[PDB]
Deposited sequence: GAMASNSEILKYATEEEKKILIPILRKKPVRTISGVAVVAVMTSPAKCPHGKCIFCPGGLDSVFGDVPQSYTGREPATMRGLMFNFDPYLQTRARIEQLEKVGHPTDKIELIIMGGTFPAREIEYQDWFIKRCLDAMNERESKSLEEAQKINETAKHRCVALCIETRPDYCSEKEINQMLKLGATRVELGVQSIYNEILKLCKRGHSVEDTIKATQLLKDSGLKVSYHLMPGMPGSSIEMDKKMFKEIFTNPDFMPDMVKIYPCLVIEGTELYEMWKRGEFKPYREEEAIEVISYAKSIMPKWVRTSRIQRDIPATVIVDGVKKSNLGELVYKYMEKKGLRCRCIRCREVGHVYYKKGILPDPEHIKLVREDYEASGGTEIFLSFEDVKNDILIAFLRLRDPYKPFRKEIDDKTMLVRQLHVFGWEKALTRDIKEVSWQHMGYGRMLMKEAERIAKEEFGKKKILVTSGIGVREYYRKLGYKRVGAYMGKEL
């Protein structure tokens, strides 16, 4: 199904076809999407590799500048100019996700990521168990993941965990406990998770372990059991990725090779009566595609759910059809714990995310065009966030983590640039 936001994923230098040129990769993806009539006025830029924050700042600044240059369709003198231009370009960068190892997520690196316009950070967590991490000779600890998570949350950023069921030393029950722990231990509480079973690819450490008889990866049945359990307990405030991989089956030495793992999981959950209520399962566009129904306006309500995370409080505000359990929009509001950014006081609330599910063309369903933006849901969630911040938590200013290409939207709501954020005095 076609989304209103175009995902443009690019690869950093040690993809192959363009010798890792940031501009060429970004341009080629945009043109490829325009070829098949997908909208490209809103772009989520994804920096792939996981080592980008460890590269020279000169390289990072230039790489993001050139991506924005491709979106702007013109050269710029500097990162900051490319960002300013992009605020009103035809192809706006509404979100920027950087993948990183959890030990490459210091305050200094977070400052740099904010400078670049980052709105989401994906940590290569893999496992929350130090036994498993050291057994596979990973370069980080769970303590790194916990600290990274806190620093990211207290800087207003969205946090994603890449997680790998079925690593060496793990078990079905251990993996299930990991997912339970990630959603009920405040040290974790990620906003989104990307899950795929551990695979055996030639030329990796896991391949060496496999050859020695130290590692037998999950088959489909094990992966489906774990992921089905994980989805059955995922909170309503967690967003999951489409279960998939961009790794061809002719490179998987051992492990799950089939390409419909997500569909297999769905059918397993049907058979077992396991319900899914996380964001992807309930979002208006996916429900329509999967079940053919739309929100019932007689039952749309503003809903709130709070939880403790990284020493502070997360407030998850949503508009939802509460009869049919269909999610229309949401806002992530946080009372921070131990911020370090100069713009975040102990009288500051953080709007870490505002998302109104918009234009969506379901080719396989017959109401083709469906949208929920420009209906007032975003503004009503922002107003409720401001009221909660001021009246309930006694805060005096509210800072919004804004994509470069979304700053204008918050200006319309009375926000102004405050350092790396869009802010408003309450």
{"query": "Stretches with no C-alpha position, numbering per deposited sequence from 1", "finding": "1-31, 46-80"}
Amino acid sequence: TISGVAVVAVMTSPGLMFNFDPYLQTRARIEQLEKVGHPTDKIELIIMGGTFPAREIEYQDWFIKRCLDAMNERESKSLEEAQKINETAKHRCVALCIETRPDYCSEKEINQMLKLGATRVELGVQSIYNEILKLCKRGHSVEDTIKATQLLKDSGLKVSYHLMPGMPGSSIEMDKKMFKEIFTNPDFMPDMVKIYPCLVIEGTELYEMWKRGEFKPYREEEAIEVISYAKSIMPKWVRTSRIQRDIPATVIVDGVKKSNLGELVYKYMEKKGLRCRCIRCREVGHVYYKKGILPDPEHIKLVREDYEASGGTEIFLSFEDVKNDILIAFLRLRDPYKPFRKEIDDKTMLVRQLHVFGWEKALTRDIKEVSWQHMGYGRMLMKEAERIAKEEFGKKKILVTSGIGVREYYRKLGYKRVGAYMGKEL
From here on, numbers count along this sequence of modelled residues.
| property | result |
| --- | --- |
| Stretch with the greater mean C-alpha B-factor as recorded in the entry, comparing 107-115 against 242-250 | 242-250 |
| Which of 233-241 and 306-314 has higher mean CA B factor, as the PDB entry lists it | 233-241 |
| Candidate set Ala82, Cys97, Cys281, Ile201 [ranked by C-alpha B-factor, highest] | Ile201 |
| Peak C-alpha temperature factor (PDB record), options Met380, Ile64, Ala54, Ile398 | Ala54 |
| CA B-factor placement of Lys291, once the chain's modelled residues are sorted into thirds | lowest |
| Third of the chain's Cα B-factor distribution that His355 belongs to, per the entry | lowest |
| Chain-wide C-alpha B factor ranking for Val370, given as lowest, middle or highest third | highest |
| Chain thirds of CA B-factor: placement of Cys136 | highest |
| Lowest, middle or highest third - CA B-factor, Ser78 | highest |
